[PDB]
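Data first, discussion second: the structure below is written as structure tokens.
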Amino acid sequence: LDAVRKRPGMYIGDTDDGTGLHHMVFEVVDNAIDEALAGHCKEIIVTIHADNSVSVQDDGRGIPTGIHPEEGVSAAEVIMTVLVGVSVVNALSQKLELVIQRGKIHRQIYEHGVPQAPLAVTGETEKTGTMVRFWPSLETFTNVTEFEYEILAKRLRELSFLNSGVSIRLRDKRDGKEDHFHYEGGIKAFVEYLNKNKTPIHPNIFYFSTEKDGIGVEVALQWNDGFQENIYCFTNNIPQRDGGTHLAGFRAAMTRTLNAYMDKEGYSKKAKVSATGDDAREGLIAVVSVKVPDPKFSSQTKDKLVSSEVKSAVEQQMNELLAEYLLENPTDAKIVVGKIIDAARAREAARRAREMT
Ligand SMILES: O=C(O)CNC(=O)c1ccc(NC(=O)c2cc(Br)c(Br)[nH]2)cc1
């Protein structure tokens, strides 16, 4: 905990540009999401309070009050004081308020990670769940010290997309602003949301969710009438801004599958054109979400995945299931290939124009 306060940037992220400050919120929220994955938390409420603090309330089982025999303290204190983990959020807060409903209300206060008293019973209750409220230390965080609604909203919405049926509410008490995120459609609903202001060219969103060689692979995609590529890549719900081996495998499987379809069904022959990866990527919206037990990144930022085995897992699953999708949905296949041929014709005609005088 003293080591965390000494080098706060290492554990929570950049402590000056706002990255670290908002990651304090996301770490506490991630604990509530793990309970929702376990099947107990149905709703999470995140509130930005007027005094520049944030609270997160879940309706799960509540953190164990049962006391540790070796440590001699409540199991909730062990989670809050021992090593991202919630102890990091606790170490870098000037104050943190813990409230556990489990059928008794338990309360504890911390200051700079150190508890004022043990976890004591305050009253009685029928409900269940955990509440954590924290005041981030202004010794640690500089420049950007105030929480920003839109930064918390963007990530909690994607966390809803990424975690099947988890209700997340966001409340800003400074100005009354509210949001409720609860997308039951999941990453398929992510793609719908990403294409809501675009024009989708075919009705059936491609989707699968599989597990091979200890790697979870989940993909959704859909083409629009535009010419932009917009792939969003995730590893254990952490976004990779700069892609990596998940994105490579996705791209590899996709060029291979569509070319194989266009060759076999006789599209390439009739057109007299050879389609490339760039032709297929135009108008594409996609989300690639992988589950890796021990993932390797390029740096501590996790902007790029470098686990080489993830490429093969994504590539192989994509090849099989995208090929199944094309045959089973021939009208979608015909629209998408029609767009790809026209992009290939335009590119090849443009390349032919430069050389010809
Ligand atoms: O110890 C056992 O054997 C069983 N324990 C559990 O099942 C168990 C149940 C709940 C939690 N914590 C949370 O849901 C949580 C943390 C924060 Br921060 C927020 Br908000 N919610 C942790 C362990």
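This chain uses plain numbering: 1 for the first residue, then up along the sequence. Both counts, for ligands and for their atoms, begin at 1 and track the order of listing.
Across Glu35, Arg102, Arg61, heavy-atom proximity to atom 10 (C) of ligand 1 is greatest for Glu35. Which of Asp58, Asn31, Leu96 comes nearest to atom 21 (N) of ligand 1 through a heavy atom is settled by distance: it is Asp58.
Taking both residues in full, the closest heavy atoms of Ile63 and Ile100 are given as O-CG2, 3.4 Å, listed atom of the first, atom of the second, then distance.
Heavy atoms of other residues, nucleotides or ligands lying less than 6.0 angstrom from CD of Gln116 number more than 12. Within a 6.0 Å radius of CG in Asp213, no more than 12 heavy atoms belonging to other residues, nucleotides or ligands are found.
For ligand 1, the atoms closer than 4.0 angstrom to any heavy atom of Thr130 are 19 (C), 21 (N). Taking every heavy atom of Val132 and a limit of under 4.0 angstrom, the matching atoms of ligand 1 come to 18 (Br). Within ligand 1, the atoms closer than 4.0 Å to a non-hydrogen atom of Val86 are 18 (Br), numbered from 1 in the order shown. Set against the non-hydrogen atoms of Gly62, the atoms of ligand 1 under 4.0 Å away are 9 (C), 10 (C).
The protein non-hydrogen atom at the shortest distance from atom 12 (N) of ligand 1 is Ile63 CG1, 3.5 Å. Ranking protein heavy atoms by distance to atom 23 (C) of ligand 1, first place goes to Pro64 CD, 3.9 Å.
Both tests hold for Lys339 against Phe227: distance to the six-membered ring centre under 6.0 Å, angle to the ring axis within 45°.
Taking a distance limit of 4.0 Å, we find that atom 3 (O) of ligand 1 is approached by no protein heavy atom.
By the criterion of side-chain heavy atoms lying less than 4.5 angstrom apart, applied directly or through intervening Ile, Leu, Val, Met, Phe, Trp or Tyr residues, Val82 is not grouped with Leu119; the two fall into different hydrophobic clusters.
Checking side-chain atoms of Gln240 against main-chain N and O of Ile238 turns up a donor-acceptor pair under 3.5 Å.
Under the side-chain hydrogen bond (donor to acceptor under 3.5 Å, both in side chains) criterion, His202 pairs with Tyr325, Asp332, sequence neighbours left out.
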